[PDB]
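Heads up, work.pdb below (PDB, C-alpha atoms (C1' of nucleotides) and all ligand atoms):
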```pdb
ATOM      1  CA  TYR A   4     -43.175 -11.655 -54.904
ATOM      2  CA  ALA A   5     -39.792 -13.374 -55.251
ATOM      3  CA  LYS A   6     -38.746 -12.379 -58.790
ATOM      4  CA  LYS A   7     -36.540  -9.469 -59.849
ATOM      5  CA  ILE A   8     -38.737  -7.528 -62.278
ATOM      6  CA  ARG A   9     -37.376  -3.978 -62.849
ATOM      7  CA  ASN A  10     -40.428  -2.902 -64.900
ATOM      8  CA  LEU A  11     -43.804  -3.966 -63.473
ATOM      9  CA  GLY A  12     -45.656  -2.180 -66.302
ATOM     10  CA  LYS A  13     -45.260  -5.158 -68.649
ATOM     11  CA  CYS A  14     -46.065  -7.652 -65.871
ATOM     12  CA  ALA A  15     -49.275  -9.038 -64.371
ATOM     13  CA  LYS A  16     -49.223 -10.851 -61.024
ATOM     14  CA  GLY A  17     -51.620 -13.252 -59.296
ATOM     15  CA  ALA A  18     -51.534 -15.106 -55.986
ATOM     16  CA  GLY A  19     -53.230 -17.932 -54.089
ATOM     17  CA  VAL A  20     -52.929 -17.709 -50.303
ATOM     18  CA  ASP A  21     -53.747 -21.095 -48.702
ATOM     19  CA  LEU A  22     -54.936 -23.605 -51.290
ATOM     20  CA  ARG A  23     -56.701 -26.824 -50.234
ATOM     21  CA  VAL A  24     -54.613 -28.814 -52.744
ATOM     22  CA  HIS A  25     -51.570 -31.065 -52.310
ATOM     23  CA  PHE A  26     -48.214 -29.285 -52.499
ATOM     24  CA  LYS A  27     -46.509 -31.928 -54.631
ATOM     25  CA  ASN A  28     -49.075 -32.341 -57.401
ATOM     26  CA  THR A  29     -49.521 -28.577 -57.618
ATOM     27  CA  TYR A  30     -45.741 -28.114 -57.756
ATOM     28  CA  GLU A  31     -45.538 -30.615 -60.611
ATOM     29  CA  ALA A  32     -48.309 -28.788 -62.458
ATOM     30  CA  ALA A  33     -46.482 -25.485 -61.992
ATOM     31  CA  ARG A  34     -43.278 -27.021 -63.342
ATOM     32  CA  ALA A  35     -45.153 -28.341 -66.371
ATOM     33  CA  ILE A  36     -46.621 -24.890 -66.988
ATOM     34  CA  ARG A  37     -43.424 -22.858 -66.578
ATOM     35  CA  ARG A  38     -41.949 -20.764 -69.430
ATOM     36  CA  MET A  39     -45.187 -20.735 -71.449
ATOM     37  CA  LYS A  40     -47.573 -18.279 -73.082
ATOM     38  CA  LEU A  41     -50.476 -17.795 -70.682
ATOM     39  CA  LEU A  42     -53.210 -18.919 -73.045
ATOM     40  CA  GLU A  43     -51.254 -22.040 -73.970
ATOM     41  CA  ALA A  44     -50.750 -22.829 -70.285
ATOM     42  CA  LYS A  45     -54.483 -22.417 -69.697
ATOM     43  CA  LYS A  46     -55.222 -24.757 -72.604
ATOM     44  CA  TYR A  47     -52.805 -27.329 -71.196
ATOM     45  CA  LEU A  48     -54.480 -27.100 -67.795
ATOM     46  CA  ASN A  49     -57.888 -27.601 -69.387
ATOM     47  CA  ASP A  50     -56.609 -30.652 -71.248
ATOM     48  CA  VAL A  51     -55.192 -32.127 -68.062
ATOM     49  CA  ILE A  52     -58.516 -31.557 -66.286
ATOM     50  CA  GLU A  53     -60.286 -33.472 -69.080
ATOM     51  CA  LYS A  54     -57.601 -36.223 -68.882
ATOM     52  CA  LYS A  55     -56.230 -35.630 -72.405
ATOM     53  CA  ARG A  56     -52.664 -34.503 -71.660
ATOM     54  CA  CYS A  57     -50.773 -35.435 -68.488
ATOM     55  CA  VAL A  58     -48.406 -33.445 -66.292
ATOM     56  CA  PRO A  59     -45.026 -35.181 -65.884
ATOM     57  CA  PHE A  60     -44.155 -36.088 -62.291
ATOM     58  CA  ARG A  61     -40.365 -35.740 -62.463
ATOM     59  CA  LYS A  62     -39.389 -34.379 -59.029
ATOM     60  CA  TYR A  63     -41.880 -36.162 -56.758
ATOM     61  CA  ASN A  64     -41.957 -39.378 -58.779
ATOM     62  CA  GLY A  65     -42.270 -41.972 -55.996
ATOM     63  CA  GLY A  66     -44.981 -44.499 -56.817
ATOM     64  CA  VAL A  67     -46.657 -42.452 -59.562
ATOM     65  CA  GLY A  68     -47.716 -44.889 -62.303
ATOM     66  CA  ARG A  69     -46.607 -44.971 -65.930
ATOM     67  CA  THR A  70     -48.877 -43.182 -68.393
ATOM     68  CA  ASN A  71     -49.069 -43.059 -72.191
ATOM     69  CA  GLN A  72     -49.111 -39.244 -72.422
ATOM     70  CA  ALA A  73     -45.740 -38.898 -70.637
ATOM     71  CA  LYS A  74     -43.861 -39.584 -73.905
ATOM     72  CA  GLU A  75     -44.673 -35.967 -74.830
ATOM     73  CA  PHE A  76     -42.187 -34.650 -72.246
ATOM     74  CA  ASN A  77     -39.534 -37.366 -72.781
ATOM     75  CA  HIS A  78     -40.575 -38.839 -69.406
ATOM     76  CA  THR A  79     -42.225 -42.119 -68.323
ATOM     77  CA  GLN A  80     -44.253 -41.018 -65.283
ATOM     78  CA  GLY A  81     -47.155 -38.556 -65.360
ATOM     79  CA  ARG A  82     -50.546 -37.742 -63.834
ATOM     80  CA  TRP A  83     -53.734 -35.666 -64.150
ATOM     81  CA  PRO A  84     -54.019 -33.851 -60.776
ATOM     82  CA  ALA A  85     -57.623 -32.607 -61.112
ATOM     83  CA  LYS A  86     -58.350 -30.393 -58.094
ATOM     84  CA  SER A  87     -54.833 -28.951 -58.166
ATOM     85  CA  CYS A  88     -55.164 -28.235 -61.881
ATOM     86  CA  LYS A  89     -58.498 -26.506 -61.293
ATOM     87  CA  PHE A  90     -56.932 -24.349 -58.587
ATOM     88  CA  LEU A  91     -54.061 -23.449 -60.905
ATOM     89  CA  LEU A  92     -56.527 -22.659 -63.696
ATOM     90  CA  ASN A  93     -58.410 -20.315 -61.365
ATOM     91  CA  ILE A  94     -55.202 -18.486 -60.511
ATOM     92  CA  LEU A  95     -54.309 -18.227 -64.209
ATOM     93  CA  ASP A  96     -57.750 -16.752 -64.887
ATOM     94  CA  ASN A  97     -57.242 -14.227 -62.094
ATOM     95  CA  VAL A  98     -53.866 -13.263 -63.557
ATOM     96  CA  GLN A  99     -55.444 -12.817 -66.988
ATOM     97  CA  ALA A 100     -58.158 -10.614 -65.497
ATOM     98  CA  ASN A 101     -55.528  -8.493 -63.766
ATOM     99  CA  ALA A 102     -53.634  -8.119 -67.037
ATOM    100  CA  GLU A 103     -56.832  -7.055 -68.792
ATOM    101  CA  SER A 104     -57.490  -4.483 -66.068
ATOM    102  CA  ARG A 105     -54.075  -2.962 -66.855
ATOM    103  CA  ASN A 106     -53.087  -2.797 -70.551
ATOM    104  CA  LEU A 107     -51.348  -6.071 -71.423
ATOM    105  CA  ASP A 108     -52.139  -8.209 -74.469
ATOM    106  CA  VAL A 109     -53.046 -11.730 -73.307
ATOM    107  CA  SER A 110     -51.559 -13.285 -76.465
ATOM    108  CA  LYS A 111     -48.027 -12.032 -75.705
ATOM    109  CA  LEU A 112     -48.018 -12.867 -71.974
ATOM    110  CA  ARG A 113     -45.607 -15.555 -70.777
ATOM    111  CA  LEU A 114     -45.502 -17.084 -67.288
ATOM    112  CA  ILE A 115     -42.085 -15.915 -66.065
ATOM    113  CA  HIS A 116     -42.532 -16.964 -62.434
ATOM    114  CA  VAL A 117     -44.705 -19.858 -61.264
ATOM    115  CA  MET A 118     -43.841 -20.422 -57.605
ATOM    116  CA  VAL A 119     -45.446 -22.961 -55.297
ATOM    117  CA  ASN A 120     -44.515 -22.683 -51.620
ATOM    118  CA  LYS A 121     -45.999 -25.011 -48.993
ATOM    119  CA  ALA A 122     -48.363 -23.433 -46.449
ATOM    120  CA  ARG A 123     -48.879 -24.507 -42.825
ATOM    121  CA  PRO A 124     -50.439 -28.005 -42.498
ATOM    122  CA  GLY A 125     -54.095 -28.346 -41.476
ATOM    123  CA  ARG A 126     -53.945 -30.747 -38.537
ATOM    124  CA  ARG A 127     -56.282 -33.745 -38.351
ATOM    125  CA  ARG A 128     -56.156 -37.018 -36.401
ATOM    126  CA  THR A 129     -55.869 -40.598 -37.644
ATOM    127  CA  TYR A 130     -56.225 -43.667 -35.437
ATOM    128  CA  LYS A 131     -53.829 -46.596 -35.627
ATOM    129  CA  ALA A 132     -52.543 -49.856 -34.155
ATOM    130  CA  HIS A 133     -52.860 -50.366 -30.405
ATOM    131  CA  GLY A 134     -54.512 -47.090 -29.367
ATOM    132  CA  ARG A 135     -52.251 -44.690 -31.249
ATOM    133  CA  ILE A 136     -53.155 -41.198 -32.482
ATOM    134  CA  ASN A 137     -51.211 -39.976 -35.519
ATOM    135  CA  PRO A 138     -51.212 -36.720 -37.538
ATOM    136  CA  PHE A 139     -53.413 -36.833 -40.652
ATOM    137  CA  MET A 140     -52.309 -33.391 -41.843
ATOM    138  CA  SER A 141     -52.934 -31.736 -45.202
ATOM    139  CA  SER A 142     -50.234 -30.139 -47.356
ATOM    140  CA  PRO A 143     -51.656 -26.705 -48.309
ATOM    141  CA  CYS A 144     -49.831 -24.250 -50.568
ATOM    142  CA  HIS A 145     -49.217 -20.641 -51.563
ATOM    143  CA  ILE A 146     -49.071 -20.019 -55.320
ATOM    144  CA  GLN A 147     -47.292 -16.976 -56.781
ATOM    145  CA  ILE A 148     -47.697 -16.329 -60.515
ATOM    146  CA  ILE A 149     -46.087 -13.608 -62.649
ATOM    147  CA  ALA A 150     -47.031 -13.138 -66.298
ATOM    148  CA  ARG A 151     -44.974 -10.833 -68.536
ATOM    149  CA  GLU A 152     -45.501  -9.375 -72.022
ATOM    150  CA  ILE A 153     -42.695 -10.675 -74.255
ATOM    151  CA  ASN A 154     -41.731  -9.678 -77.813
ATOM    152  CA  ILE A 185     -10.745  -1.782 -71.842
ATOM    153  CA  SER A 186      -7.042  -1.369 -70.994
ATOM    154  CA  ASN A 187      -4.193  -0.385 -73.321
ATOM    155  CA  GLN A 188      -0.664  -0.522 -71.805
ATOM    156  CA  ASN A 189       2.114   0.729 -74.104
ATOM    157  CA  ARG A 190       4.318  -2.344 -73.734
ATOM    158  CA  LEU A 191       1.281  -4.577 -74.240
ATOM    159  CA  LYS A 192       0.334  -2.631 -77.369
ATOM    160  CA  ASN A 193       3.867  -3.025 -78.715
ATOM    161  CA  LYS A 194       3.740  -6.765 -78.043
ATOM    162  CA  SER A 195       0.410  -7.014 -79.859
ATOM    163  CA  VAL A 196       1.850  -5.136 -82.832
ATOM    164  CA  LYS A 197       4.837  -7.484 -82.911
ATOM    165  CA  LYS A 198       2.518 -10.496 -82.834
ATOM    166  CA  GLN A 199       0.493  -9.055 -85.710
ATOM    167  CA  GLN A 200       3.675  -8.498 -87.714
ATOM    168  CA  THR A 201       4.754 -12.085 -87.063
ATOM    169  CA  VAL A 202       1.357 -13.350 -88.209
ATOM    170  CA  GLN A 203       1.627 -11.281 -91.386
TER
ATOM    171  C1'   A B   1     -40.820 -16.243 -82.264
ATOM    172  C1'   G B   2     -36.784 -19.949 -80.444
ATOM    173  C1'   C B   3     -33.398 -22.297 -77.156
ATOM    174  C1'   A B   4     -32.204 -25.317 -72.413
ATOM    175  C1'   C B   5     -32.737 -33.349 -71.512
ATOM    176  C1'   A B   6     -34.822 -34.707 -66.884
ATOM    177  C1'   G B   7     -33.483 -36.245 -62.125
ATOM    178  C1'   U B   8     -29.585 -36.179 -57.813
ATOM    179  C1'   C B   9     -26.102 -33.078 -55.299
ATOM    180  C1'   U B  10     -23.700 -28.108 -54.353
ATOM    181  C1'   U B  11     -23.280 -22.794 -54.210
ATOM    182  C1'   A B  12     -25.488 -17.584 -54.286
ATOM    183  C1'   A B  13     -29.709 -14.348 -54.489
ATOM    184  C1'   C B  14     -34.771 -13.870 -53.461
ATOM    185  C1'   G B  15     -38.711 -16.009 -51.114
ATOM    186  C1'   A B  16     -41.887 -19.976 -47.941
ATOM    187  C1'   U B  17     -42.013 -22.904 -43.304
ATOM    188  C1'   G B  18     -40.927 -22.271 -38.329
ATOM    189  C1'   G B  19     -40.523 -19.127 -33.933
ATOM    190  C1'   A B  20     -34.742 -18.958 -32.321
ATOM    191  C1'   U B  21     -32.072 -14.364 -31.127
ATOM    192  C1'   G B  22     -32.321  -9.419 -29.858
ATOM    193  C1'   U B  23     -35.382  -5.613 -27.380
ATOM    194  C1'   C B  24     -38.966  -5.099 -24.209
ATOM    195  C1'   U B  25     -42.506  -6.658 -19.374
ATOM    196  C1'   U B  26     -49.301  -4.141 -15.354
ATOM    197  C1'   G B  27     -45.735 -11.145 -13.747
ATOM    198  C1'   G B  28     -42.747 -13.733 -10.718
ATOM    199  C1'   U B  29     -38.724 -13.782  -6.773
ATOM    200  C1'   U B  30     -36.302 -13.494  -2.412
ATOM    201  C1'   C B  31     -35.419 -10.325   1.396
ATOM    202  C1'   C B  32     -37.069  -6.384   4.762
ATOM    203  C1'   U B  33     -41.084  -3.836   7.366
ATOM    204  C1'   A B  34     -46.156  -3.794   9.515
ATOM    205  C1'   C B  35     -49.967  -6.047  11.202
ATOM    206  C1'   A B  36     -52.861 -10.411  11.603
ATOM    207  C1'   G B  37     -58.861 -14.909  13.276
ATOM    208  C1'   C B  38     -63.028 -15.784  10.735
ATOM    209  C1'   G B  39     -67.632 -18.466  12.459
ATOM    210  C1'   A B  40     -74.779 -20.346  15.265
ATOM    211  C1'   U B  41     -74.966 -12.167  14.710
ATOM    212  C1'   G B  42     -74.376 -18.574  10.146
ATOM    213  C1'   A B  43     -67.430 -18.728   8.250
ATOM    214  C1'   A B  44     -64.197 -20.763   4.626
ATOM    215  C1'   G B  45     -65.781 -23.597   0.645
ATOM    216  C1'   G B  46     -69.725 -24.849  -3.148
ATOM    217  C1'   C B  47     -73.809 -24.271  -6.007
ATOM    218  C1'   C B  48     -77.691 -20.908  -8.122
ATOM    219  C1'   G B  49     -78.497 -16.362 -10.016
ATOM    220  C1'   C B  50     -77.992 -11.248 -11.325
ATOM    221  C1'   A B  51     -76.462  -6.534 -17.327
ATOM    222  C1'   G B  52     -81.035  -3.733 -22.334
ATOM    223  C1'   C B  53     -78.507  -5.688 -26.012
ATOM    224  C1'   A B  54     -74.137 -10.486 -21.831
ATOM    225  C1'   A B  55     -70.226 -16.411 -22.738
ATOM    226  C1'   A B  56     -65.882 -16.533 -19.369
ATOM    227  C1'   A B  57     -63.247 -13.955 -15.882
ATOM    228  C1'   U B  58     -64.071  -9.853 -12.720
ATOM    229  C1'   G B  59     -68.041  -7.651  -9.361
ATOM    230  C1'   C B  60     -72.051  -8.301  -6.830
ATOM    231  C1'   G B  61     -76.905 -11.031  -4.210
ATOM    232  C1'   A B  62     -84.126 -11.030  -5.600
ATOM    233  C1'   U B  63     -82.135  -3.404  -3.624
ATOM    234  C1'   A B  64     -77.946  -8.619  -7.538
ATOM    235  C1'   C B  65     -71.446  -5.863 -12.773
ATOM    236  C1'   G B  66     -74.749  -2.606  -7.747
ATOM    237  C1'   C B  67     -78.196   0.710  -3.179
ATOM    238  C1'   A B  68     -77.274   4.612   0.554
ATOM    239  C1'   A B  69     -73.603   7.726   2.652
ATOM    240  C1'   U B  70     -69.020  10.212   2.373
ATOM    241  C1'   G B  71     -64.607  12.482  -0.961
ATOM    242  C1'   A B  72     -63.959  13.807  -5.556
ATOM    243  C1'   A B  73     -66.636  15.482  -9.283
ATOM    244  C1'   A B  74     -68.873  15.906 -16.059
ATOM    245  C1'   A B  75     -69.156  12.739 -18.171
ATOM    246  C1'   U B  76     -70.598   7.484 -19.604
ATOM    247  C1'   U B  77     -69.964   5.345 -24.256
ATOM    248  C1'   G B  78     -69.864  -0.538 -29.277
ATOM    249  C1'   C B  79     -74.762   0.864 -29.798
ATOM    250  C1'   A B  80     -79.162   2.065 -26.982
ATOM    251  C1'   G B  81     -80.074   5.038 -23.012
ATOM    252  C1'   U B  82     -78.752   8.273 -18.525
ATOM    253  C1'   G B  83     -76.740  12.786 -16.698
ATOM    254  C1'   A B  84     -74.115  17.795 -15.681
ATOM    255  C1'   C B  85     -74.454  23.341 -16.408
ATOM    256  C1'   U B  86     -73.928  19.571  -7.959
ATOM    257  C1'   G B  87     -76.908  13.328  -2.790
ATOM    258  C1'   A B  88     -77.803  12.827  -9.988
ATOM    259  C1'   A B  89     -72.673  10.484 -15.245
ATOM    260  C1'   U B  90     -68.309   8.335 -13.587
ATOM    261  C1'   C B  91     -64.766   6.948 -10.176
ATOM    262  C1'   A B  92     -62.742   6.286  -5.260
ATOM    263  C1'   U B  93     -64.132   5.390  -0.023
ATOM    264  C1'   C B  94     -67.297   2.433   2.589
ATOM    265  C1'   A B  95     -68.926   2.792   8.389
ATOM    266  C1'   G B  96     -75.462   2.470   6.883
ATOM    267  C1'   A B  97     -78.822  -0.866   4.505
ATOM    268  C1'   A B  98     -78.964  -5.422   2.257
ATOM    269  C1'   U B  99     -76.592 -10.204   1.840
ATOM    270  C1'   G B 100     -80.575 -16.405  -2.843
ATOM    271  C1'   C B 101     -79.938 -21.571  -1.759
ATOM    272  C1'   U B 102     -76.460 -24.315   0.748
ATOM    273  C1'   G B 103     -72.207 -25.576   3.718
ATOM    274  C1'   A B 104     -69.943 -26.639  11.224
ATOM    275  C1'   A B 105     -75.360 -26.881   8.878
ATOM    276  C1'   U B 106     -77.925 -27.369  13.411
ATOM    277  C1'   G B 107     -85.981 -30.049  12.711
ATOM    278  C1'   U B 108     -85.676 -35.293   9.995
ATOM    279  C1'   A B 109     -83.569 -35.948   5.222
ATOM    280  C1'   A B 110     -80.718 -35.966   0.640
ATOM    281  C1'   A B 111     -78.733 -38.744  -6.842
ATOM    282  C1'   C B 112     -85.010 -35.811  -3.100
ATOM    283  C1'   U B 113     -85.789 -28.644  -3.983
ATOM    284  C1'   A B 114     -88.886 -34.885  -0.012
ATOM    285  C1'   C B 115     -90.950 -34.349   4.677
ATOM    286  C1'   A B 116     -92.419 -33.350   9.922
ATOM    287  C1'   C B 117     -94.167 -30.562  14.160
ATOM    288  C1'   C B 118     -94.808 -25.587  17.110
ATOM    289  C1'   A B 119     -95.798 -20.690  16.335
ATOM    290  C1'   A B 120    -100.303 -18.603  11.712
ATOM    291  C1'   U B 121     -96.828 -14.832  10.237
ATOM    292  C1'   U B 122     -96.271 -10.058   8.011
ATOM    293  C1'   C B 123     -97.206  -5.069   6.720
ATOM    294  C1'   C B 124     -99.913  -0.425   6.886
ATOM    295  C1'   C B 125    -102.134   3.812  10.015
ATOM    296  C1'   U B 126    -102.971   6.374  15.023
ATOM    297  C1'   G B 127    -106.946   0.409  18.242
ATOM    298  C1'   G B 128    -108.628  -0.714  13.294
ATOM    299  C1'   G B 129    -107.293  -2.238   8.119
ATOM    300  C1'   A B 130    -104.763  -4.999   4.533
ATOM    301  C1'   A B 131    -102.471  -9.103   3.163
ATOM    302  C1'   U B 132     -99.656 -13.898   2.190
ATOM    303  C1'   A B 133     -99.090 -21.841   2.621
ATOM    304  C1'   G B 134     -95.634 -17.029   3.200
ATOM    305  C1'   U B 135     -92.265 -16.188   7.598
ATOM    306  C1'   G B 136     -89.850 -17.694  12.009
ATOM    307  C1'   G B 137     -88.534 -21.763  15.395
ATOM    308  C1'   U B 138     -87.501 -26.928  16.762
ATOM    309  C1'   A B 139     -79.959 -30.795  16.435
ATOM    310  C1'   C B 140     -76.261 -32.578  19.904
ATOM    311  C1'   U B 141     -73.098 -31.607  24.244
ATOM    312  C1'   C B 142     -72.624 -28.074  28.061
ATOM    313  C1'   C B 143     -72.923 -24.083  31.645
ATOM    314  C1'   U B 144     -75.826 -20.554  35.180
ATOM    315  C1'   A B 145     -80.627 -19.583  36.676
ATOM    316  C1'   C B 146     -85.977 -21.267  37.021
ATOM    317  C1'   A B 147     -89.779 -24.616  36.946
ATOM    318  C1'   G B 148     -92.552 -28.730  38.717
ATOM    319  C1'   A B 149     -92.486 -33.914  39.207
ATOM    320  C1'   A B 150     -89.294 -38.519  40.873
ATOM    321  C1'   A B 151     -86.173 -41.230  45.169
TER
HETATM  322 MG    MG A 301     -30.121 -31.072 -65.462
HETATM  323 MG    MG A 302     -75.014   6.583  -4.680
HETATM  324 MG    MG A 303     -71.577  13.270  -3.673
HETATM  325 MG    MG A 304     -81.169 -29.190   8.050
HETATM  326 MG    MG A 305     -85.173 -41.113  -2.148
END
```
I'd like the structure from this file rewritten - as structure tokens, please.
Ligand SMILES: [Mg+2]
Ligand SMILES: [Mg+2]
Ligand SMILES: [Mg+2]
Ligand SMILES: [Mg+2]
Ligand SMILES: [Mg+2]
Amino acid sequence: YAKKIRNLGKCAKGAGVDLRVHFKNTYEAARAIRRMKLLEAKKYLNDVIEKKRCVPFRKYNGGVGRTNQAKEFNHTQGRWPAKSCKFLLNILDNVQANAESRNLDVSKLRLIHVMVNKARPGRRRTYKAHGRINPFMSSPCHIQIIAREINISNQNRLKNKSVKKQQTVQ
RNA sequence: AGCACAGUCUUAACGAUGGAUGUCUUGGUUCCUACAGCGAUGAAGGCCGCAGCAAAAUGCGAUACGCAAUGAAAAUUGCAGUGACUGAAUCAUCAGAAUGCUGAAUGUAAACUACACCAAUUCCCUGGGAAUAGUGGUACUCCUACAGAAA
């Protein structure tokens, strides 16, 4: 994992190797999640899956609509990336399980590192124009998630000068 | 429990993506040396097969990843199985045996496993007794010899 941890005893990690979900949506979801208690994050994910709360598309915001729920994050654009959300939820669950297996309280766990890297594209073919074959590739991803339990010089002359200054002030 | 606006750009650390560089290398490369034809005794090429579990390549040919014989010589192994305590397991060598169907392909054919005709053919035992629709042969040109006809 990418993060500098020091003590892995208070941390619980979870990974997703090559996910069949779009890199951008998933990234957005991750961003939305970040710096949150694990349970709260899970709840948020659930809500998004049921189309109650949206994730704000702030980075990859090209063409994404203009939802009502985006006002919650001071933004205008937002979406409900279902499959991606589900994937993320699964990973969260895994992380939770891992934590349980150790000795970490799930209530005091915060997501300290939610990384989404883009995996190698799954190549497919699309057919265009005047007999033209074009790449119809997917954008798979790796997801890395880390949860964590959260609760000169003197100089004599210089000294003299300082003293003088003090005296002056007085 | 709080707190960072967000985005865009930049820097550093740590990662992804990619396969550059470095290091290798049972390949190539050129040069040198040496030998140097295979085929109607059926070649090269091409099909079809062939393993217990078997696709390709490799190897081989209905004895089919090999038979015999020679020289080594205890293993072979994924499993199954087979052997040693030396013609046997495995290599190497290869001279003997064998070498499907084709292909110059040569009985006539060919998008045929089509079809003729002449031999019936083959094996066993020391003249009989068994077999199989199976095996041979039959092209065109030519040469030498023979044959009997023609002028
Ligand atoms: Mg900012
Ligand atoms: Mg032998
Ligand atoms: Mg021997
Ligand atoms: Mg013929
Ligand atoms: Mg015909």
Pick out the residues no farther than 8 Å from ligand MG 305 (chain A), counting only C-alpha atoms (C1' of nucleotides) and all ligand atoms, and list them as a ChimeraX atom specification.
/B:110,112,114
Could you take the residues named above and write them with C-alpha atoms (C1' of nucleotides), as a PDB file, keeping the file's coordinate frame?
```pdb
ATOM      1  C1'   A B 110     -80.718 -35.966   0.640  1.00  0.00           C
ATOM      2  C1'   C B 112     -85.010 -35.811  -3.100  1.00  0.00           C
ATOM      3  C1'   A B 114     -88.886 -34.885  -0.012  1.00  0.00           C
TER       4        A B 114
END
```
Contacts of residue 23 in chain A at 12 Å or less, counting all atoms listed in the file, minus same-chain residues fewer than 6 places along, as a ChimeraX atom specification?
/A:29,86-91,121-125,140-146
Please identify every residue of chain B that has at least one atom no more than 7 Å from any atom of chain A, counting all atoms listed in the file, and report them as a PDB file with C-alpha atoms (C1' of nucleotides), in the frame of the given file.
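Final output, saved to result08.pdb:
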```pdb
ATOM      1  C1'   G B   7     -33.483 -36.245 -62.125  1.00  0.00           C
ATOM      2  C1'   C B  14     -34.771 -13.870 -53.461  1.00  0.00           C
ATOM      3  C1'   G B  15     -38.711 -16.009 -51.114  1.00  0.00           C
ATOM      4  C1'   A B  16     -41.887 -19.976 -47.941  1.00  0.00           C
TER       5        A B  16
END
```
List the residues matched by the PyMOL selection byres (((not hetatm)) within 9 of (chain A and resi 303)) in the displayed structure as a list in words, ordered by chain and then by residue number.
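Those residues are residues 69, 70, 71, 72, 73, 86, 87 and 88 of chain B.
For the pair CA of residue 101 in chain A and CA of residue 45 in chain A, the interatomic distance is 15.2 Å.
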Show me which residues sit within 9 Å of ligand MG 304 (chain A) when counting only C-alpha atoms (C1' of nucleotides) and all ligand atoms, and put them as a PyMOL selection string.
chain B and resi 105-109+139
For the structure provided, state which residues fall under the PyMOL selection byres (((chain A and resi 38) around 9) and not hetatm), and present them as a PyMOL selection string.
chain A and resi 34-37+39-40+113-117
Those same residues - C-alpha atoms - I'd like them written as a PDB file, in the frame of the given file.
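What ended up in again.pdb:
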```pdb
ATOM      1  CA  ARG A  34     -43.278 -27.021 -63.342  1.00  0.00           C
ATOM      2  CA  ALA A  35     -45.153 -28.341 -66.371  1.00  0.00           C
ATOM      3  CA  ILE A  36     -46.621 -24.890 -66.988  1.00  0.00           C
ATOM      4  CA  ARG A  37     -43.424 -22.858 -66.578  1.00  0.00           C
ATOM      5  CA  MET A  39     -45.187 -20.735 -71.449  1.00  0.00           C
ATOM      6  CA  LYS A  40     -47.573 -18.279 -73.082  1.00  0.00           C
ATOM      7  CA  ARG A 113     -45.607 -15.555 -70.777  1.00  0.00           C
ATOM      8  CA  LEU A 114     -45.502 -17.084 -67.288  1.00  0.00           C
ATOM      9  CA  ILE A 115     -42.085 -15.915 -66.065  1.00  0.00           C
ATOM     10  CA  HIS A 116     -42.532 -16.964 -62.434  1.00  0.00           C
ATOM     11  CA  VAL A 117     -44.705 -19.858 -61.264  1.00  0.00           C
TER      12      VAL A 117
END
```
Interatomic distance between CA of residue 66 in chain A and CA of residue 28 in chain A?
12.8 Å
Which residues would end up in the selection if the PyMOL selection byres (((not hetatm)) within 10 of (chain A and resi 301)) were applied here, given that I need the answer as a ChimeraX atom specification?
/B:4-8
Now that the selection is made, can you save its residues with C-alpha atoms (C1' of nucleotides) as a PDB file, in the coordinates of the input?
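Saved result, selection01.pdb, follows:
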```pdb
ATOM      1  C1'   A B   4     -32.204 -25.317 -72.413  1.00  0.00           C
ATOM      2  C1'   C B   5     -32.737 -33.349 -71.512  1.00  0.00           C
ATOM      3  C1'   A B   6     -34.822 -34.707 -66.884  1.00  0.00           C
ATOM      4  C1'   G B   7     -33.483 -36.245 -62.125  1.00  0.00           C
ATOM      5  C1'   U B   8     -29.585 -36.179 -57.813  1.00  0.00           C
TER       6        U B   8
END
```
Please output range 88-96 of chain A, rebuilt to include N, CA and C atoms, as a short mmCIF file (atom, residue, chain, number, x, y, z; two decimals), keeping the file's coordinate frame.
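Written out: result-v9.cif:
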```cif
data_model
loop_
_atom_site.label_atom_id
_atom_site.label_comp_id
_atom_site.auth_asym_id
_atom_site.auth_seq_id
_atom_site.Cartn_x
_atom_site.Cartn_y
_atom_site.Cartn_z
N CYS A 88 -55.12 -28.84 -60.55
CA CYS A 88 -55.16 -28.24 -61.88
C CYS A 88 -56.21 -27.13 -61.92
N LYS A 89 -57.37 -27.44 -61.36
CA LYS A 89 -58.50 -26.51 -61.29
C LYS A 89 -58.08 -25.24 -60.56
N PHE A 90 -57.41 -25.45 -59.42
CA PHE A 90 -56.93 -24.35 -58.59
C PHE A 90 -55.98 -23.44 -59.39
N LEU A 91 -55.07 -24.12 -60.08
CA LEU A 91 -54.06 -23.45 -60.90
C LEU A 91 -54.74 -22.65 -62.00
N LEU A 92 -55.74 -23.27 -62.62
CA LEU A 92 -56.53 -22.66 -63.70
C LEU A 92 -57.17 -21.38 -63.20
N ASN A 93 -57.75 -21.45 -62.00
CA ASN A 93 -58.41 -20.32 -61.36
C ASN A 93 -57.41 -19.15 -61.22
N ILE A 94 -56.23 -19.49 -60.72
CA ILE A 94 -55.20 -18.49 -60.51
C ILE A 94 -54.78 -17.85 -61.83
N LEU A 95 -54.65 -18.68 -62.86
CA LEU A 95 -54.31 -18.23 -64.21
C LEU A 95 -55.35 -17.23 -64.70
N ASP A 96 -56.61 -17.58 -64.49
CA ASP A 96 -57.75 -16.75 -64.89
C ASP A 96 -57.66 -15.39 -64.21
#
```
